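Notes for the one structure printed next.
Read-outs throughout are calculated quantities, based only on the coordinates presented, and are distinct from any laboratory measurement. Note that we place each Cβ from the backbone using ideal geometry, even for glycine, and neighbour counts take in every protein chain shown.
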Amino acid sequence: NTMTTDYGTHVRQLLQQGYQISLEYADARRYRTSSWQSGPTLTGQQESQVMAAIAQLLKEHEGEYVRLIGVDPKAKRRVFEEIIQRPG
Ligand SMILES: [Cl-]
Ligand SMILES: [Co+2]
């Protein structure tokens with residue numbers, strides 16, 4: 001298994017507040033140097049669709065790190081970041 005946080009609450013809050021969701025990932029080498037690799041920008045606004053997408057993603061990145069990102073669409077700056085999965 002992997003170490004995860006209870007990220008559904010943040011997904012829901014980001015969607016409800018109108019922030020754009022994206023993610024990024026890193027293996028141990030890239031985590032050690034903060035060189036995250038780009039993941040998807042999730043266009044759905046349906047909480048169930050976003051959560052299903054993130055679950056597939058976390059399964060693909062088992063053994064790696066994954067960071068959930070919220071962005072202000074207007075300012076294009078990050079309003080939220082959390083490492084939602086780490087190696088277990
Ligand atoms: Cl989605
Ligand atoms: Co949290």
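Things worth noting here:
- Near pairs, Cβ below 9 angstrom, 6+ apart or cross-chain, from the stretch 34-61 (within 16 Å of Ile83 (Cα to Cα) and part of a helix (DSSP H, G or I)) to any residue that is more than 12 Å from ligand 1 (Cβ to nearest atom) and of a type in the set (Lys, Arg): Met51/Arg12
- In the stretch 1-35, of all residues being among the small types (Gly, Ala, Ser) and under 13 Å from the mean Cα position of the chain (by Cα), the one that is nearest to ligand 1 (Cβ to nearest atom) corresponds to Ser22.
- Residue ID - nearest to ligand 2 (Cβ to nearest atom), chosen from residues in the stretch 10-31 that are surrounded by fewer than 15 Cβ atoms within 10 Å (Cβ to Cβ) and within 13 Å of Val50 (Cβ to Cβ): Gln13
- Selection within the stretch 36-60 - under 23 Å from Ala75 (Cα atoms) and more than 11 Å from ligand 1 (Cβ to nearest atom): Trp36, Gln37, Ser38, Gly39
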